[PDB]
Amino acid sequence: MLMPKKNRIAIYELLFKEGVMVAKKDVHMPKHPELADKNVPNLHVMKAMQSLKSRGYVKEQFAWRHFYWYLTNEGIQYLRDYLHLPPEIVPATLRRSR
Amino acid sequence: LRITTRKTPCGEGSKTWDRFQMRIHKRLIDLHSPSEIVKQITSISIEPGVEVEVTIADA
Amino acid sequence: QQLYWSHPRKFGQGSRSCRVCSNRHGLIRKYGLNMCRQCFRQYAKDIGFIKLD
Amino acid sequence: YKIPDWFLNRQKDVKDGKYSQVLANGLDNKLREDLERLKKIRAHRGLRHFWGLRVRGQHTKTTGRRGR
Amino acid sequence: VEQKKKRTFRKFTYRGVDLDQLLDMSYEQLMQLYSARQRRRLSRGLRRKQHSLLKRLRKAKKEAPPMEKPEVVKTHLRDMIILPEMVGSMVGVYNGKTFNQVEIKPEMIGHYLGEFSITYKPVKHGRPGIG
Amino acid sequence: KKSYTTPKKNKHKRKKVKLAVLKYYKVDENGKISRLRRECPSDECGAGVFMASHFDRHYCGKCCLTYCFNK
Amino acid sequence: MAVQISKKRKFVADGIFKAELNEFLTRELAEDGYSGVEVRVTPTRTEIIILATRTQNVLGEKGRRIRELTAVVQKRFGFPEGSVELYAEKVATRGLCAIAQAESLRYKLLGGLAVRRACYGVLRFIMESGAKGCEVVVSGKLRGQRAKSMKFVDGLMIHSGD
RNA sequence: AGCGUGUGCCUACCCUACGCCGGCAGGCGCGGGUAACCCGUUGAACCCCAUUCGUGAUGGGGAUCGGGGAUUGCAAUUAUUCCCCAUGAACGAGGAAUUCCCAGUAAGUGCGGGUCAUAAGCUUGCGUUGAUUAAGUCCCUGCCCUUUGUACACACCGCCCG
RNA sequence: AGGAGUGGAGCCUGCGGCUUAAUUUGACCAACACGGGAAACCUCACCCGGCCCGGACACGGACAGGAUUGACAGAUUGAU
């Protein structure tokens with residue numbers, strides 16, 4: 770650690786549910802409000818997404834002191850097997866935009 | 004709203020400034036009638052980006 | 002690891018930060034700025050202002 | 013004669029234990045003691061006094077001249 | 146300490162009371178003796194881990210041989226009111242690099258530690274340069 | 071700005087000695103389990119962990135600011 | 259859910275939302291022929307009209323990209339859930355859209371192509387589409403490690419007054 | 001008298017009426033203000049009216065410096081700021097030089113905003129009182145146009161001789 | 001043609017020089033109360049001490065009597 774094994778899940782599961790993450794650039798955040806609820810007292814979101822990004826599986830924008838991580842197809846496959854989920858579930862979104 | 008600030012980043016050269024201004028406008032029309040037909044007709048028939056605030060009572 | 006990482010910042014020029022990247026030096030507060038004077042100029046066209054005088 | 017304590021020169025001189033009012037030739041004698049005291053302990057004060065430099069927070073870079 | 150007539154005897158008792166009374170007083174009675182800036186530091190503060198200093202002073206003072214002063218307790222803290230209980234100890238006070246040691250007198254009470262250790266060379270000159 | 075000048079000490083992190091593991095449970099006959107020192111009594115402790123046999127000091131390592139007996 | 263900020267501060271906070279978005283989008287939709295936005299709050303709903311020339315690449319297959327963008331704004335500015343509603347728009351007459359014309363020239367150049375022939379090609383399009391005149395500048399290096407400037411101008415221009 | 005400004009903002013914070021206590025700094029109890037709504041009919045200074053001082057480095061000037069009291073802060077020492085008593089210097093219209101200004105203008109005089117946890121001799125705006133002198137010229141300094149001369153074009157800060 | 005000043009005096013502040021363990025630094029009509037720069041800490045770039053990794057990712061090694069993590073007290077330490 771680098772970070773606990775609980776706090777990994779709570780980021781990787783939350784990303785899978787919205788299909789997108791966002792956060793701010795700070796190192797004095799006390800519990801990280803604004804989801805992941807009160808169990809990330811440090812970097813952890815930024816630090817775990819960066820390692821994930823190194824191995825592809827996500828894209829990253831940055832604009833006016835705010836990250837924006839966009840999950841991709843390759844990471845959906847990874848996260849699906851990594852978290853032992855059904856062979857066809859995406860709860861992030863799935864409908865045609867009109 | 005006035006903002007009077009430097010025109011030069013990293014001040015050098017002849018000392019210059021720049022006046023910016025924003026002008027807001029307020030005006031209000033007082034009606035006395037049933038609150039239904041007001042709140043019906045008010046929120047519709049507005050083309051531009053102009054704000055409206057309805058009040059229950061003031062007088 | 003450590004038992005400290007921080008010390009009181011509650012007022013002064015270090016407990017507020019401006020929105021360039023967390024830049025400073027260029028003390029700013031005005032009418033709810035939190036916005037850097039160099040970039041304020043670049044947002045003269047953008048909305049908040051149009052120059053008229 | 014009921015002139016208030018705050019209206020005096022000295023309130024609790026220091027190490028004498030009372031409110032006092034000091035007049036002409038005793039003033040100088042009292043004054044010279046407090047100088048001597050602050051070099052006795054040798055605080056920052058007495059050193060600045062003995063060197064002939066400003067006691068209070070003041071710049072001496074452009075202030076003074078006697079010299080030039 | 147080797148002085149006389151600076152806090153007891155003929156000539157000088159510390160604002161009408163000897164050192165001996167001060168040591169038995171609480172801070173409460175002591176601060177009401179006129180020295181305005183002191184009173185802020187006590188009434189607001191009330192020990193923000195000055196604990197580390199004040200135990201070492203009493204401790205070292207105790208264990209040290211009679212008619213001999215202790216070694217030193219060192220500080221980077223240049224701020225703390227000199228007090229009657231502190232007297233007789235020897236304290237080194239950090240400047241920017243150097244721990245200038247000082248003996249504490251009963252005549253220094255009320256002052257800070259940092260007034261008795263300087264942090265610059267007094268100055269010499271010079272010979273004006275070129276430009 | 072300029073490059074670091076030589077030290078004459080620096081050492082980072084201790085290697086946290088490579089002790090032999092679990093001899094904390096003693097077996098002399100079965101099914102009996104001969105426990106040594108008491109297992110930790112707090113509600114937040116699970117009481118499956120041992121307390122330190124550290125005599126003249128008696129301390130739960132699961133705790134990290136509290137519960138230090140010494141006799 | 260209250261109260262509510264001063265009327266002076268009401269306009270400043272709107273301006274900050276209008277501006278931040280307009281640079282957020284420009285760093286993602288650059289290749290899709292971005293050209294601006296036009297925001298509108300409407301009764302119990304937000305509209306964010308995302309103007310770009312080619313709505314095709316903005317939409318994506320099964321509307322994935324538009325879904326990403328709506329979910330972002332829903333978390334970032336802390337909007338009440340489901341209030342945000344995006345819409346797209348295609349502009350007609352693309353040579354009066356300076357912002358898009360400049361950012362198209364960028365990818366033509368960064369694609370690896372000569373400067374003179376590129377500047378001419380963009381020029382006649384913005385002239386053809388309708389325009390009194392037009393201008394292009396390219397300031398920086400080329401053919402060595404001292405900088406220069408290259409102006410390409412046709413038609414009318416103004417520089418002074420309101 | 002005027003331009004403004006004010007808590008619900010950044011992360012801990014506003015502007016203040018009124019009552020009470022204190023010489024003062026200040027403390028304390030209550031109430032309003034999202035503001036043509038409350039502070040604020042902004043009951044400001046110079047100015048105006050009546051006493052006192054008397055040509056005296058004077059009661060002009062307030063530098064230096066001792067002691068004491070408050071406020072901000074996690075912390076005030078090399079004095080954060082503010083207040084009270086005491087101390088009472090240079091300075092009595094300023095060389096060679098030099099800056100700026102043409103009508104509500106110069107000058108005198110106060111106020112708001114900016115930075116701000118505490119704090120303007122600064123800067124940016126605003127009111128109030130309000131002159132003398134000019135209605136010109138190329139003398140100096142400099143600039144625009146033509147003509148002329150040039151060994152100059154790194155352009156007279158140039159170039160070049162013994 | 002004139003009006004009010006500056007240069008003179010005391011004080012504030014910026015700049016040079018000198019000093020210093022450090023006295024951080026840009027700028028020389030078109031620099032010099034200028035860098036919103038009125039610095040207690042913060043700011044902070046400087047100087048002197050102490051701690052931390054927030055060295056991704058890849059490959060190899062280590063490795064479930066185990067890779068590894070943290071800590072009371074005592075000593076040490078400005079320091080809990």
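Residue numbers (the numbering used here), protein chains in the order written: chain B, 770 to 867; chain G, 4 to 62; chain X, 2 to 54; chain S, 13 to 80; chain W, 146 to 276; chain Z, 71 to 141; chain U, 259 to 420. Yeah, the Cβ is synthetic: ideal placement off N, Cα and C, and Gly gets one too.
Close Cβ partners of residue i (< 8 Å) along its chain, the five nearest in sequence each way excluded
| i | result |
| --- | --- |
| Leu-363 of chain U | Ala-376, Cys-377, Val-380 and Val-394 |
| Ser-104 of chain Z | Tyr-95, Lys-96, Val-97 and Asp-98 |
| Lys-800 of chain B | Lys-807, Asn-808, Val-809 and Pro-810 |
| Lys-156 of chain W | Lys-150 |
| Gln-148 of chain W | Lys-250, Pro-251 and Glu-252 |
| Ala-405 of chain U | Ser-397, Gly-398 and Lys-399 |
| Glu-782 of chain B | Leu-852 |
Expected contact under 8 Å - CB spacing of residue i and residue j to nearest Å
| i | j | result |
| --- | --- | --- |
| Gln-332 of chain U | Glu-339 of chain U | 6 Å |
| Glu-386 of chain U | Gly-353 of chain U | 7 Å |
| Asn-808 of chain B | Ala-832 of chain B | That pair is no contact at about 27 Å. |
| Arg-186 of chain W | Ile-226 of chain W | 6 Å |
| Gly-29 of chain S | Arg-160 of chain W | 5 Å |
| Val-34 of chain S | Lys-42 of chain S | 6 Å |
| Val-827 of chain B | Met-818 of chain B | 7 Å |
| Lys-265 of chain U | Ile-59 of chain G | Not confirmed; about 19 Å, so no contact. |
| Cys-37 of chain X | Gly-27 of chain X | 6 Å |
| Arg-22 of chain S | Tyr-13 of chain S | Not quite, the Cβ-Cβ distance comes to about 17 Å (not below 8 Å), so this is no contact. |
6 Å CB neighbourhood of residue i in its chain, flanking five on each side removed
| i | result |
| --- | --- |
| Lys-219 of chain W | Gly-237 and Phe-244 |
| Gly-58 of chain S | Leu-50 and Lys-51 |
| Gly-291 of chain U | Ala-310, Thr-311, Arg-312 and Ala-358 |
| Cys-138 of chain Z | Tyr-129 |
Neighbourhood of residue i by C-beta distance below 7 Å, restricted to the same chain and skipping five residues each side
| i | result |
| --- | --- |
| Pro-111 of chain Z | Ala-117 |
| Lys-31 of chain X | none |
| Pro-251 of chain W | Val-146, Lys-151, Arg-152, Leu-164, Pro-229 and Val-232 |
| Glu-296 of chain U | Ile-307 and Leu-309 |
| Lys-276 of chain U | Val-297 |
| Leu-784 of chain B | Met-790 and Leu-840 |
| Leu-4 of chain G | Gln-24 and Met-25 |
| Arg-108 of chain Z | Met-121 |
Residues in the stretch 150-184 of chain W with C-beta within 9 Å of chain S's C-beta atoms, listed in sequence order? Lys-151, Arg-152, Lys-156, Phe-157, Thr-158, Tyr-159, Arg-160, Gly-161, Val-162, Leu-178, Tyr-179 and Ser-180
What are the complete alpha helix (DSSP H) segments, minimum 4 residues, inside the stretch 153-226 of chain W? 164-167, 172-176, 182-188 and 196-208
Enumerate, from N- to C-terminal direction, the unbroken beta strand (DSSP E) stretches of 3 or more residues contained entirely within the stretch 378-416 of chain U. Segments of the beta strand (DSSP E) lying fully in the stretch 378-416 of chain U: 391-399 and 405-413.
Taking a cut of 8 Å between CB atoms, which residues from the stretch 291-324 of chain U lie near chain X? none
Counting only runs that start and end within the stretch 328-380 of chain U, where is the alpha helix (DSSP H) found for 4 or more residues in a row? 356-368
Using Cβ-Cβ distances below 7 Å, what residues of the stretch 220-236 of chain W are close to chain S? Result list empty, no residue passes.
Mind the definition here: the stretch 169-189 of chain W touches the stretch 200-207 of chain W only if three or more C-beta pairs lie below 8 Å; say whether that holds. no
Counting Cβ pairs closer than 8 Å, one from the stretch 304-317 of chain U and one from the stretch 340-350 of chain U, do we hit at least three? Yes: the two stretches touch, three or more of their Cβ pairs being nearer than 8 Å.
Only counting runs of 4 or more residues, tell me where the alpha helix (DSSP H) segments fall wholly within the stretch 783-841 of chain B, in order along the chain. 814-823
Tell me which residues of the stretch 821-845 of chain B have at least one Cβ-Cβ distance to chain U shorter than 8 Å, keeping chain order. So the list reads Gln-830, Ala-832, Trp-833, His-835, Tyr-837 and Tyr-839, given in the order they occur along the chain.
Does the structure place the stretch 9-21 of chain G close enough to the stretch 851-862 of chain B that three or more beta carbon pairs sit under 8 Å? no
Closer than 7 Å between beta carbons: that is the criterion. Which residues of the stretch 376-404 of chain U meet it against chain G? Of all residues in the stretch 376-404 of chain U, none is placed with a Cβ closer than 7 Å to any Cβ belonging to chain G.
Residues from the stretch 11-23 of chain G in contact with chain X, defined by Cβ distance under 7 Å: So the close ones are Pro-12, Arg-22 and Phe-23.
Report the residues of the stretch 27-40 of chain G with a CB closer than 8 Å to any CB of chain U, ordered along the chain. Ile-27 and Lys-29
For the stretch 20-49 of chain X, enumerate the residues whose C-beta is nearer than 7 Å to any C-beta of chain U, in chain order. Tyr-32, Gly-33, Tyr-44, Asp-47, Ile-48 and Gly-49
Contiguous alpha helix (DSSP H) assignments of at least 4 residues, all confined to the stretch 31-59 of chain S: 36-52
Could you list the residues in the stretch 770-791 of chain B with a C-beta less than 7 Å from some C-beta on chain U, going in chain order? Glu-787, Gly-788, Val-789 and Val-791
Contact list for the stretch 273-291 of chain U against chain X, Cβ threshold 8 Å: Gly-273, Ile-274, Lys-276, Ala-277 and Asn-280
Please go through the stretch 90-135 of chain Z and give each complete alpha helix (DSSP H) segment of 4 or more residues, from N-terminal end onward. none
Give me the subset of the stretch 793-811 of chain B whose CB atoms are less than 9 Å from a CB atom of chain X, sorted by chain position. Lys-794, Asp-795, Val-796 and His-797
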